[PDB]
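Understanding the architecture of this molecule
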2 protein chains.
Amino acid sequence: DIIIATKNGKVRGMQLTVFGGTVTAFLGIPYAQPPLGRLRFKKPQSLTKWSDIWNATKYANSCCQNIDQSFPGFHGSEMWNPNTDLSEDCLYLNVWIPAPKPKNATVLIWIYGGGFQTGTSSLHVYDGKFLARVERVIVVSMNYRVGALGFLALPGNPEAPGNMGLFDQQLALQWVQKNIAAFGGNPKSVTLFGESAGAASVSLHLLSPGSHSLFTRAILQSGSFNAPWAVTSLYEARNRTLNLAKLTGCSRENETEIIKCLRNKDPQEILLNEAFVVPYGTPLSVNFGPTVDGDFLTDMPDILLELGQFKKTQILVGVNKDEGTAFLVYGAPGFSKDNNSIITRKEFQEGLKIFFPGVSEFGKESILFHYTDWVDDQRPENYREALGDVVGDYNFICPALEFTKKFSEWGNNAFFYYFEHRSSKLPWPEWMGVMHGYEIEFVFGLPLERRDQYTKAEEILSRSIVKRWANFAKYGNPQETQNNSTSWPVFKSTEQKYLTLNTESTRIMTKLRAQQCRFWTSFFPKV
Amino acid sequence: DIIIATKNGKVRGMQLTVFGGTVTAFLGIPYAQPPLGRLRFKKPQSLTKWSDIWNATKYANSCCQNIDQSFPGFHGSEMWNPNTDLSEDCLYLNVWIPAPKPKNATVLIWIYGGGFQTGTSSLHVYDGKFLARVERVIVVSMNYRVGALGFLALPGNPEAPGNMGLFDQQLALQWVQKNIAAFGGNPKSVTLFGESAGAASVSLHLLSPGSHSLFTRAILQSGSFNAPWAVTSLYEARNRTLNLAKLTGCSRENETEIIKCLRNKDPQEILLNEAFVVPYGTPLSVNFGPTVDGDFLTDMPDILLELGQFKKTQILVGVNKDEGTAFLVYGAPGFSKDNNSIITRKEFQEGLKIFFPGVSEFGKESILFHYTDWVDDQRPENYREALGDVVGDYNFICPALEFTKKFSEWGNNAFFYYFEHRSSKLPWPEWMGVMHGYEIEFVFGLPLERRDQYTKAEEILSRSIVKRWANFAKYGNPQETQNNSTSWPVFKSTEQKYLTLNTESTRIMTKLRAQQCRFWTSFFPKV
Ligand SMILES: *[C@@H]1O[C@H](CO[C@H]2O[C@@H](C)[C@@H](O)[C@@H](O)[C@@H]2O)[C@@H](O[C@@H]2O[C@H](CO)[C@@H](O)[C@H](O)[C@H]2NC(C)=O)[C@H](O)[C@H]1NC(C)=O
Ligand SMILES: *[C@@H]1O[C@H](CO[C@H]2O[C@@H](C)[C@@H](O)[C@@H](O)[C@@H]2O)[C@@H](O[C@@H]2O[C@H](CO)[C@@H](O)[C@H](O)[C@H]2NC(C)=O)[C@H](O)[C@H]1NC(C)=O
Ligand SMILES: *[C@@H]1O[C@H](CO[C@H]2O[C@@H](C)[C@@H](O)[C@@H](O)[C@@H]2O)[C@@H](O[C@@H]2O[C@H](CO)[C@@H](O)[C@H](O)[C@H]2NC(C)=O)[C@H](O)[C@H]1NC(C)=O
Ligand SMILES: *[C@@H]1O[C@H](CO[C@H]2O[C@@H](C)[C@@H](O)[C@@H](O)[C@@H]2O)[C@@H](O[C@@H]2O[C@H](CO)[C@@H](O)[C@H](O)[C@H]2NC(C)=O)[C@H](O)[C@H]1NC(C)=O
Ligand SMILES: *[C@@H]1O[C@H](CO[C@H]2O[C@@H](C)[C@@H](O)[C@@H](O)[C@@H]2O)[C@@H](O)[C@H](O)[C@H]1NC(C)=O
Ligand SMILES: *[C@@H]1O[C@H](CO[C@H]2O[C@@H](C)[C@@H](O)[C@@H](O)[C@@H]2O)[C@@H](O)[C@H](O)[C@H]1NC(C)=O
Ligand SMILES: *[C@@H]1O[C@H](CO)[C@@H](O)[C@H](O)[C@H]1NC(C)=O
Ligand SMILES: *[C@@H]1O[C@H](CO)[C@@H](O)[C@H](O)[C@H]1NC(C)=O
Ligand SMILES: *[C@@H]1O[C@H](CO)[C@@H](O)[C@H](O)[C@H]1NC(C)=O
Ligand SMILES: *[C@@H]1O[C@H](CO)[C@@H](O)[C@H](O)[C@H]1NC(C)=O
Ligand SMILES: *[C@H]1O[C@H](CO)[C@@H](O)[C@H](O)[C@H]1NC(C)=O
Ligand SMILES: *[C@H]1O[C@H](CO)[C@@H](O)[C@H](O)[C@H]1NC(C)=O
Ligand SMILES: *[P@@](=O)(NCCC)OCC
Ligand SMILES: *[P@@](=O)(NCCC)OCC
Ligand SMILES: [Cl-]
Ligand SMILES: [Cl-]
Ligand SMILES: [Cl-]
Ligand SMILES: [Cl-]
Ligand SMILES: [Cl-]
Ligand SMILES: [Cl-]
Ligand code: NA
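Residues numbered from 1 in each chain as written, not as in the entry; some residues may be left out. Chains lettered and ligands numbered in written order. Part of a larger assembly, values for the part shown. Heavy atoms only, no water. Residues with missing side-chain atoms left out of burial classes, pairs and counts.

Per the deposition metadata, X-ray crystallography was the technique used to determine this entry, at a resolution of 2.10 Å.

A look at the packing of helix α10 (residues 345-355) of chain A against helix α11 (residues 361-371) of chain A
Residues and elements named next belong to chain A. Our working definition: Between N-to-C directions, angles span 0 to 180 degrees; the directions come from axes that are lines fitted to C-alpha atoms, helices contributing only their stretch in contact. A run of DSSP states H or I qualifies as a helix once it reaches four residues; a run of E qualifies as a strand once it reaches two. Both are numbered from the N-terminal end. Here the word oblique covers every angle except those under 35 degrees (roughly parallel), over 145 (roughly antiparallel) and from 65 to 115 (roughly perpendicular). Note on convention: near helix rotated counterclockwise from far helix by under a right angle means a left-handed crossing. Clockwise means right-handed. Residue contacts follow a heavy-atom distance rule, with two residues in contact if any of their heavy atoms lie within 4.5 Å. Polar here means any residue outside two lists: the nonpolar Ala, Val, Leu, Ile, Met, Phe, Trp, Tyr, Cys and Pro, and the charged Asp, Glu, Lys and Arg; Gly therefore counts as polar.
Where α10 contacts α11, the axes come no closer than 10 Å and their chain directions differ by 130 degrees. Taken together, the axes of α10 and α11 are oblique relative to one another. Considering the relative orientation of α10 and α11, their crossing is right-handed. The segment α10 lies against α11, with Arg-345, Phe-348, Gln-349, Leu-352 and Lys-353 engaging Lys-364, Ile-367, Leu-368 and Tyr-371. Split by residue class, the contact of α10 with α11 holds five nonpolar, one polar and three charged.

Examining the site of ligand 13
All names here are of chain A. Applicable threshold: Think of it this way: one heavy atom of a residue within 4 Å of a molecule or strand is enough to make that residue near it. Polar contacts, as counted here, are pairs of nitrogen or oxygen atoms within 3.5 Å of one another; within protein the pair requires one atom able to donate a hydrogen and one able to accept it, and residues that are adjacent in sequence qualify only if both atoms are side-chain atoms. Calculation of accessible area relied on Shrake-Rupley with a 1.4 Å probe; when residues are assessed, cover is drawn exclusively from the protein chains displayed.
In the neighbourhood of ligand 13, the contacting residues comprise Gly-113, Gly-114, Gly-115, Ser-196, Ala-197, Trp-229, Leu-284, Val-286, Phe-327, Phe-396 and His-436. Contacts to ligand 13 include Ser-196, whose side-chain N or O atom sits 2.6 Å from an oxygen atom. A distance of 2.8 Å separates an oxygen atom of ligand 13 from a polar backbone atom of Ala-197. In isolation ligand 13 has 320 Å² of accessible area, and contact with the protein removes 82% of it. Residues that form the shell around ligand 13 fall into these classes: six nonpolar, five polar and no charged.

Description of the UniProt feature "disulfide bond" in chain A
Residue and element names in this part refer to chain A. This is how the line gets drawn: The disulfide criterion is simple: two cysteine sulfur atoms within 2.5 Å. UniProt positions are given in the numbering used here, feature names are shortened, and annotations may be inferred rather than shown by experiment. Any residue under 20% of the maximum accessible area for its type is buried, any over 50% is exposed, and the rest in between are partly exposed; the area is computed with a 1.4 Å probe on protein chains only.
With its sulfur atoms 2.1 Å apart, the listed UniProt disulfide between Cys-63 and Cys-90 is closed in this model. Of this pair, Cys-63 sits in the loop between β5 (53-55) and α1 (75-78) while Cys-90 sits in the loop between α1 and β6 (92-99), and the two are 27 residues apart along the sequence. Overall, the relative accessible area of 1% leaves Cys-90 in the buried class. Taking the pair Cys-398 and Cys-517, which UniProt gives as a disulfide, the gap between the sulfur atoms is 2.1 Å, short enough to count as bonded. In this pair, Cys-398 sits in helix α12 (residues 382-408) while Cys-517 sits in helix α15 (residues 514-523), placing the two residues 119 residues apart along the sequence. Take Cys-517: its relative accessible area is 9%, and that puts it in the buried class.

Quick look at the site of ligand 8
All names here are of chain A. Around ligand 8, the structure places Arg-463, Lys-467, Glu-480 and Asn-483. Contacts to ligand 8 include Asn-483, whose side-chain N or O atom sits 2.3 Å from an oxygen atom. Computed on the free molecule, ligand 8 has an accessible area of 370 Å², of which 50% lies beneath the protein chains in the complex. For the shell around ligand 8, the per-class residue count stands at no nonpolar, one polar and three charged.

Points about the state of the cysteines
All names here are of chain A. Tallied over the full model, the rule gives six disulfides over all chains. Covalent S-S linkage joins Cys-63 and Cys-90, the inter-sulfur distance amounting to 2.1 Å. Across the S-S bond linking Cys-63 and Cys-90, the dihedral sits near 90 degrees, which makes this disulfide right-handed. Here the disulfide map of chain A reads 1-2, 3-4, 5-6, the bonded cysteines being numbered as they appear in the sequence. For the unlinked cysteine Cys-64, the closest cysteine sulfur is that of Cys-90, found at 6.8 Å.

So, the pairing of β6 of chain A
Residues and elements named next belong to chain A. Filter applied, for reference: By definition, two strands form a pair when at least two bridges between them are found by DSSP.
Of all eight residues in β6, seven are buried; the element is thus mostly enclosed. Bridge count between β6 and strand β8 (residues 138-142): four bridges; the pairing is antiparallel. Residue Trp-96 lies in a different strand from β8, and its bridge partner there is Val-139.

Observations regarding the interface of chain A and chain B
The condition that has to hold: Basic side-chain nitrogens of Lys or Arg form a salt bridge, by our definition, when they fall within 4 Å of a carboxyl oxygen of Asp or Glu.
Taken together, the contact between chain A and chain B spans nine residues of the former and nine residues of the latter. Taken together, the links from chain A to chain B amount to zero salt bridges. Counting the contacts that link chain A with chain B gives zero residue pairs in polar contact. Class assignment of the residues belonging to the side of chain A that touches chain B gives a composition of two nonpolar, four polar and three charged.

Comments concerning α15 of chain A
Residue and element names in this part refer to chain A. Which entries qualify depends on this criterion: Directions pointing from the helix axis toward each C-beta atom define the arc.
All of the buried residues in α15 are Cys-517, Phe-519 and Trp-520. Around the axis of α15, the buried residues are gathered within 150 degrees of arc, so they sit on the same side. Structurally, α15 contributes buried residues whose contacts are with α11 and α12.

Topic: the packing of aromatic side chains
Residue and element names in this part refer to chain B. Put simply, the rule reads: Ring pairs are drawn from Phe, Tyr and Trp, using the six-membered ring of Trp, whenever the two centres fall within 6.5 Å, and their geometry is named by plane angle: stacked under 30 degrees, edge-to-face over 60, tilted for the rest.
One pass over the structure, following the stated rule, counts 92 aromatic pairs over all chains. Judged by centre distance (5.3 Å) and plane angle (50 degrees), the ring pair of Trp-110 and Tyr-126 falls under tilted. Of this pair, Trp-110 sits in strand β7 (residues 105-111) while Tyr-126 sits in the loop between β7 and α2 (129-135), and the two are 16 residues apart along the sequence. With relative accessibility at 1%, the residue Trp-110 sits in the buried group. On the accessibility criterion, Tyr-126 (3% relative accessible area) is buried. Ring geometry for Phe-519 and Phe-523: centres 5.7 Å apart, planes at 55 degrees, overall tilted.

Here it is as structure tokens:
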């Protein structure tokens, strides 16, 4: 029976047999006052503190959010939907510790992605007990507010200042600073890690001064704040806050009145209108995201990046080989998970309309021009592959590569990887390739579980990834030093070396997507 | 009607329509006195010279040689068998010129391979009219003596000095020096090119002082003289010459007597005994090859290489991705072109006995040890792939890579490629992959012929290869400069960069076969 006392009270955990060993899980420890009522839309507040013993023996509620109902009964999509009740009262974190209680363990803190509109730390692919069993690190993850309830902004106004969910992430990192040594953790060795919006989040904590002393290093999976979906301009943010006001009949004249009104609507009604705060939208819409609030984020982050203002420490950044594929079956004419989606040229053109809504005609032709001159005009899946590349390179790959270059230029070691293994168990079709989100399970160690139908080659890839990640976290270098592994070079502006992750040989290459990111990065931002 | 006058007489050629254009072929021009009778086994002699007009309107005889009868009726193998009568009277070359007659063309001279035991310049895959049509270079190729009749040695004795066929190659390069300007050629711009034994040959002309001024630059396809099959030690050479003497009842006491005897045997009888001049032999045997004769080759070539004694000029070297596969179906138990050859561990071990005949037991285990510890023990074709790699890396890849490093260390630009396209028309089975010999057709331009059932992607690959090769030859740099092509770095000792050739994207990589050539190159030579 395992009780540990925290600044805020006592908590009891639960024992778990993992790979003939034991890990102790403390699931659902709260970490702020629930943000209800007068608290809805505001920065998270001090956890007040309990006598008695909190039982942290189940996952807690997920924050309120819309669910994906595009493919009901389909594991591919439904594995991302929340798997505990939704509730405004959702500010809880989990801790996983090795048994016996370690003495001064390195801490991995996961930030889930979800477009800032969705996600929960209790997904199966985010289970921290393999890491803690196998590398005897500690693993912490947090639920943070998503959608309007976490990122609604009316700037300057503390009733709705913006970035609420980013400060919930922040107050969780404070909670580990204050409390983790009690579970055996080293607060001086914390690595943040995250995927997609959770990676974007990690990147902004690197820019945020209030985070600067709550962690040591950073991992960025398929995401960084300079991605085009990751930050909302102050313009659009008020437009959206007021479009929301409109839609819930809350338009007012006093702005503390709009908020006061909005703080009365039921959850379902805010959720139900989020999708429409915006005229055209796309499968990659982020209607309520991070903003420059003068508080968490003191200036446009692209400026802060360029001018070297951010935490100086090492970063590990990566992307998957087919990032863009997963979003095509949510709206691009011709695309299906249930056939092979050979689309035509005219369909590709229509696709650009779905993905690049407004979006000058010359903008769109220039993408066509870049992506459709091939070698050669023969192959039927030419147009199908090109549209996935537009979307991967634009939305994820080129921005992760430019973050890493700008970041490495100021001095610190960075490592870049290029993940290209397709999971033997992937439920989406072949044509969709090495999809977005599908490294997560390798990073968390799921394939180490033999009982589970992954290949030998996959267990091996996983065991090695897990060791590189845990070496980065403790040592700032992601090598696997024992099993004659390919050495992972640092990424520099100049040679731009990266390491490829696959079940066969892993290689050192140079200048991923060189010709394509020259398009996205220098020319496109102009159209 | 196209006549051109040469130092030795006049010759008439023939016109050919190629790709809506015309090339002029002069096939079978003789280039030495036929080596018959008193000449058999001796260096080639001065072409004496004719009035009248030689018609060079057909390919001439191939030199005497054994044929491959392993797969009668099979195109895979039979495409390599000679396709004009065999005859001792076989010292002829072909010239292909663009029409209109160029003014000062660069000259490509092909040296065919064939293990030094076989081959002929009239194979279809060696047809020089695409190169001449498309790049308006001139292409010359020569028949040279192979097998005992070209490489029999009894050292010091001019009746059989060794290396006869290497001096036939040499006298052909002299013939181009003397005569090519008449066909429109620049004798100051000659590139030698060759595959397997023909590449080994090219490499030794780089070491041979008598060749040093008969050419400008060198191309090495799947071959170099430091390959383990490419040079015969003086020991084994006399053993073999006398074993041959024995076997044809010619053992004598006077050595000019053994030769005088041997010069009486019919061709078929020498050919018929070549295979047995040697106790164990292997699918890669070279019973009669180059030797250090004190004439063409003044010292062990490994010493000459190490100590920087060789023509200083640029080299382009390459290997195919599955070099070793083709030789497994000639003797390795379990292997077949007609099934997928999943062999067992015990079969692999037996395979090493076939390929590494004598061959300490510890030698052989150490190869097993290097090549059979995998990731992981699951895949059934594990042993099948490993045996092809032993044979490729040992026989071709590691020695081509070490030639290029040693050569680049003295100052000159080198380029290395790694060919990894499997021909859509390959007649051998899939498991055999990107085989030895199967770049030749891309280099010669065969896929440019649309009429011929190659893919679009293949025509494109070919057109690009042809342009890189022709740029090397004229400019010493194999770039394709027009079509936004990946830039080919020079290979240096240090980064060891190479370019991959495939129908998709071509890449810059580093240190091909690093771990394997550390085995072949430092450790193995010791066993
Ligand atoms: C800022 O918001 C306005 C508001 O428009 C909207 O009203 C909201 C409640 C919501 O329902 C939304 O879907 C609706 O469009 C946007 O104005 C609209 O723009 C489009 C094209 O520009 C027109 O066809 C609409 O008729 C127009 N609506 C109104 C009522 O004016 C405005 O576009 C937006 N800014 C951006 C850049 O997206
Ligand atoms: C692959 O499927 C797409 C997806 O749309 C369909 O899903 C199919 C399996 C189909 O049977 C039907 O149930 C559903 O609409 C097919 O494209 C569709 O084709 C029609 C013309 O019938 C369009 O007007 C539809 O809107 C269009 N769907 C989309 C997403 O735009 C696509 O044709 C199919 N192609 C194949 C088999 O190669
Ligand atoms: C140098 O040659 C000798 C000669 O042996 C051979 O006689 C030749 C005419 C030819 O027919 C050949 O196949 C035959 O073997 C080699 O000697 C032989 O070596 C093996 C094993 O070492 C024995 O089993 C043989 O009995 C023996 N033969 C004789 C007649 O002595 C010798 O091996 C060779 N050198 C090398 C290194 O290959
Ligand atoms: C793949 O074929 C090899 C090759 O040998 C055979 O070719 C076959 C297609 C076969 O039917 C027969 O005509 C010819 O011998 C097979 O290996 C052979 O197996 C036998 C046992 O029958 C050995 O004693 C043979 O010597 C052996 N051949 C060799 C080259 O050593 C091999 O078993 C086969 N495997 C398959 C189908 O996977
Ligand atoms: C636990 O270790 C403390 C500091 O360790 C870290 O140094 C940091 C700057 C960072 O590099 C981490 O990754 C290092 O591991 C030390 O000062 C504490 O006093 C220690 N307390 C213990 C051992 O219980
Ligand atoms: C033909 O060009 C002659 C030399 O050209 C070469 O220079 C060499 C050293 C080598 O680099 C080659 O690749 C160059 O192309 C020149 O001296 C002759 O006089 C020329 N004769 C003509 C134009 O008919
Ligand atoms: C907390 O859980 C323990 C463990 O069995 C139990 O003994 C205790 O009463 C629980 N308190 C609750 C559910 O409030
Ligand atoms: C080292 O490889 C062995 C097998 O040789 C295996 O036990 C394990 O997966 C490896 N350790 C790491 C960190 O990869
Ligand atoms: C050489 O060929 C020409 C071309 O038709 C012919 O006119 C001439 O007589 C030939 N001489 C031979 C075959 O000796
Ligand atoms: C250049 O590419 C074009 C098609 O754009 C084609 O005509 C030709 O194959 C190319 N030239 C070379 C040397 O590859
Ligand atoms: C608007 O009116 C209310 C009064 O209850 C107040 O909450 C808000 O701050 C006022 N601001 C102004 C000056 O318009
Ligand atoms: C061996 O005898 C013959 C004599 O006709 C000759 O050709 C050869 O050079 C002689 N060499 C010696 C000295 O044994
Ligand atoms: P990430 O959190 N960002 C995509 C922006 C919509 O993953 C979405 C599936
Ligand atoms: P290359 O001329 N060398 C192999 C040595 C026997 O090609 C043989 C097929
Ligand atoms: Cl094509
Ligand atoms: Cl590795
Ligand atoms: Cl790329
Ligand atoms: Cl395996
Ligand atoms: Cl290219
Ligand atoms: Cl390799
Ligand atoms: Na442009």
